[PDB]
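Quick heads-up: it's one chain on its own, the form deposited in one PDB entry, in structure tokens.
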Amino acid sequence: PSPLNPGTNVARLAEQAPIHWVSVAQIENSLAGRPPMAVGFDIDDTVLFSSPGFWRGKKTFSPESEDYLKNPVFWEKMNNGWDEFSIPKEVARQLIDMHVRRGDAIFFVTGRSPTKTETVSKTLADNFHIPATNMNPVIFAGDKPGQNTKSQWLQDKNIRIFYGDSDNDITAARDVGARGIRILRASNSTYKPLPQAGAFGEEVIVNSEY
């Protein structure tokens, strides 16, 4: 593929996709005067670059397949310490700080498989300096027996804004009437392909890959 010297032109150089880009400050401004409310965040590639653990999981539990994601031992390790090697995202630092400034209730809603113990809530509160009153234990959402879905949890907790990188984060928000705001998945994530951020006409946060 690729010609050796493909070149370019200035129309291509300056070309922008029609996406509603926003900054943290602009989101904050859009909420000016609104009292404390509930908001939520996806975890993986939204607030934590957790590919280090998923990568190690792939290699360890299914080097020749994709079954690690349904492997209960993987989930034990991933939810009880491998996030010490996850890299918090600066965009999430700024968003979480902004929502703490607002006095908002902060929820983390994940599609990770649940384990009876998890240290992810502690990692999140500690790394993002989340006070107790704003912090809530991580919600493991899904379809399994005993679970409620992501959208059901958004309704139950009256979450008004949901931040995430995956198309299903945005559509979960859409489905319940919440404001879904997209964060860019880092290009060195092992979760591929990358989503088409902005493809629902949703806001996308600038520079949110790191």
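Just count from 1 along the sequence shown to find any residue number. Only residues modelled in both forms are compared. Superpose the two forms; the largest set of C-alphas matching within 1.5 Å is the rigid core.
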(request) Pick between 136-144 and 77-85: the one whose mean CA B-factor in the entry is higher. (result) 136-144
(request) Higher average CA B factor in the deposited record is what I'm after, so tell me if that's 179-187 or 153-161. (result) 153-161
(message) Maximum C-alpha temperature factor per the entry, among 66, 169, 28, 44, belongs to which one?
(response) 66
(request) Using the B-factors in the PDB entry, rank residue 127's C-alpha atom against the chain and give the third, lowest, middle or highest. (result) middle
(request) Among all modelled residues of this chain, ranked by Cα B factor, put residue 61 in the bottom, middle or top third, i.e. lowest, middle or highest. (result) highest
(message) Where does the C-alpha B-factor of residue 116 rank in its chain, lowest, middle or highest third?
(response) highest
(message) Among the modelled residues of this chain, does the Cα B factor of residue 32 put it in the lowest, middle or highest third?
(response) highest
(message) Splitting the chain's C-alpha B-factors into thirds, which one does residue 38 fall into?
(response) middle
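Separately, the form deposited in another entry exists; it is not shown, and the next lines address it.
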(message) Superposing the core, which one of 60, 158, 149, 26 shows a C-alpha shift reaching 2 Å or more between this form and the one not shown?
(response) 149
(request) Regarding residue 143 and residue 88, go with closer or farther for their CA spacing in that other deposited form versus this form, the difference being 3 Å or more. (result) closer
(message) Quick one: with a 3 Å or larger change, is the residue 144 to residue 172 CA distance smaller or larger in that other deposited form? Answer closer or farther.
(response) closer
(message) Give me the residue ranges between this form and the one not shown where at least 3 consecutive Cα atoms each move 2 Å or more, fitting on the core only.
(response) 142-149
